[PDB]
């Protein structure tokens, strides 16, 4: 199960059926839960917790210190949930005491080759980060978001649930839930209707989300005006409340 050419630190803690491939390093204070497969040529550093049934591929560095100059060697953490796939060359950094001391990833995420997850980022569930996506630090990615290849997210931005970014987008402000963005700099285009259909949203919730986009983006209202105008649909539709909530949480502006 554990290749004899792997190095397993004595204070690492592995569940019974964890696999580790040849020439991988599971460093000190690393915990790996049941059914997780660590590939060959993987470096894991702690303190880090990896859950169950994950898959981590060759040339990944998971749990390293951020090279960010404000980190001074504090024992910050990285927590990863269950059923995640972490592909070739992914870098995931642990947190900083200036935020939460913790980088957190949830469950069922797909993190493709050479993606980067900076210190203090928080990823929800069911997200997809396509190749070379970079979260610079303190980035929050809510459930079911899809960021296409080479998407660059600035520090402190929030990516809403079910949002989508086109290839090579450079994101410098929050992306509301469901919004599709493209370009450098990123601009809002429409809504991720395929992601709604993938999740069996009602046709009525979809039409209401279509209106909700118009309210914020196509009617010249201010954010506050838009918020009041959505208030009703938010109460009627949880789907719309998620949209409404992401815009309300965007203290530092939405992508337009």
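Here, rigid core means the biggest group of C-alpha atoms that superpose within 1.5 Å across both forms. Numbering follows the first chain given and starts at 1.
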Q | RMS CA shift, core-fitted in 8 other deposited structures of this protein, bigger for 79-87 or for 98-106 | A | 98-106
Q | Farther-lying stretch by C-alpha RMS in 8 other deposited structures of this protein, rigid core as reference, of 223-231 and 54-62 | A | 223-231
Q) Looking only at CA atoms, which has the higher mean B factor in the entry: 195-203 or 44-52? A) 195-203
Q: Averaging only over Cα atoms, indicate whether 212-220 or 32-40 has the higher B-factor in the PDB entry.
A: 212-220
Q) Looking at 149, 75, 106, 118, which has the biggest Cα B factor in the entry? A) 75
Q: Report the third (lowest, middle or highest) to which the CA temperature factor of residue 169 belongs, ranking only the modelled residues of the same chain.
A: lowest
**Q.** Relative C-alpha B-factor of residue 157, binned into the chain's lowest, middle or highest third
**A.** middle
Q) C-alpha B factor of residue 175, ranked within the chain: lowest, middle or highest third? A) middle
Q | CA B-factor placement of residue 138, once the chain's modelled residues are sorted into thirds | A | lowest
(Q) Splitting the chain's C-alpha B-factors into thirds, which one does residue 87 fall into? (A) lowest
